[PDB]
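Those sequence lines, one after another, are chains A and B. 131 is the number that PDB author numbering gives the last residue of the first sequence; the numbers go up by one with no jumps. 131 is the number that PDB author numbering gives the last residue of the second sequence; the numbers go up by one with no jumps.
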Amino acid sequence: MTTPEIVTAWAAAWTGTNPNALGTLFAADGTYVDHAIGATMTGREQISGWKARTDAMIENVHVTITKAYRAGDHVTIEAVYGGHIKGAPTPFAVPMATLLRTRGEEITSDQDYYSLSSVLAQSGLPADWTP
Amino acid sequence: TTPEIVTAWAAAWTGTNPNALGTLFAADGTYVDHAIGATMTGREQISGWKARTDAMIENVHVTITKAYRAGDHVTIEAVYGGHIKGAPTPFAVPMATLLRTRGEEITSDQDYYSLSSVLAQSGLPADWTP
Ligand SMILES: [Cl-]
Ligand SMILES: [Cl-]
Ligand SMILES: [Cl-]
Ligand SMILES: [Cl-]
Ligand SMILES: [Cl-]
Ligand SMILES: [Cl-]
Ligand SMILES: [Cl-]
């Protein structure tokens with residue numbers, strides 16, 4: 001029912017145009033893993049850099065919260081991730097599952113899962129497409 | 002502490018009995034595999050998804066890394082492994098499974114994992130389909 005503020009902040013950081021708004025949420029040794037793409041970042045500079053890299057490749061990145069729920073230091077997010085890969089025929093929107101581990105307000109771990117096949121198919125890109 | 006429903010779900014996926022998976026679900030329960038894009042509703046179809054998976058993949062096994070419950074919601078961090086029949090090599094990948102429960106029954110299961118990692122580990126092309 002009630003969405004944790006950290007979830008709202010995470011979505012706003014991904015939907016905005018400010019890489020540091022994402023990185024600042026993370027611990028100094030915090031990790032970020034995108035399992036769909038297979039990218040791994042550690043620390044705020046690299047994590048803010050992942051928002052920057054994503055924006056460089058994808059226009060109009062936006063993340064909306066479907067629902068979220070906390071169990072102790074763990075937060076689960078069901079979201080929709082959308083955008084338009086620059087140069088691709090069409091945009092995409094897919095469900096995503098994000099698992100956070102937190103310490104107070106700080107994020108120590110973020111894992112993102114979503115269907116890369118669905119992203120590419122919606123986008124009109126080949127199934128084996130790479131940037 | 003891992004919920005018993007999580008242990009049961011892993012044992013169903015790791016075993017050789019399709020009905021052990023389906024019996025865990027409500028009559029109108031849903032199962033979505035986002036990596037492959039498959040949707041099933043009801044125990045017969047859900048059991049059938051275990052059968053279909055086993056027909057395509059040898060030694061399917063699911064191990065629990067950690068799991069947690071928030072109300073009627075359970076999150077599972079697991080490792081999903083097996084060997085796609087005919088592929089050069091086996092695979093093992095992390096998976097995130099989101100359950101919605103009612104008592105012991107599962108009303109919704111969503112599975113997420115990297116299909117690109119599955120295929121790459123397996124020695125299959127990136128645009129490989131059955
Ligand atoms: Cl909730
Ligand atoms: Cl909810
Ligand atoms: Cl994924
Ligand atoms: Cl834990
Ligand atoms: Cl826990
Ligand atoms: Cl997925
Ligand atoms: Cl995927």
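Backbone N, C-alpha and C define an ideal beta-carbon position, used for all residues, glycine too.
Residue contact check for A36(B) against chain A: a CB pair falls below 8 Å. Of all residues in the segment 99-120 of chain B, the ones placed with a Cβ closer than 8 Å to any Cβ belonging to chain A are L99, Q111, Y113, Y114, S115, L116, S117, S118, in chain order.
Those residues that have a beta carbon less than 6 Å away from any non-hydrogen atom of ligand 3 are, in order along the chain, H35(A), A36(A), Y113(A), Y114(A), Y113(B), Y114(B), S115(B). Collapsing the DSSP output to three states places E78(B) in a strand. The segment 32-40 of chain B makes no contact with the segment 64-79 of chain B, as fewer than three CB pairs between them are under 8 Å. Restricting attention to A97(A), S117(A), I77(A), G23(A), the CA atom closest to the CA of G43(A) is found in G23(A). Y114(A) is a Cβ neighbour of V94(A), given a cutoff of 8 Å. With contacts defined by Cβ atoms closer than 8 Å, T76(A) and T31(B) do not form a contacting pair. Interface criterion not met: the Cβ of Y81(B) is under 8 Å from no Cβ in chain A. For the pair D128(B) and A127(A), the CB atoms are nearer than the 8 Å cut-off.
Environment of ligand 5, chain-ordered: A71(A), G72(A), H74(A), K67(B), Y69(B), taking every residue with Cβ within less than 7 Å of a heavy atom. The DSSP-derived three-state label of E105(B) is coil.
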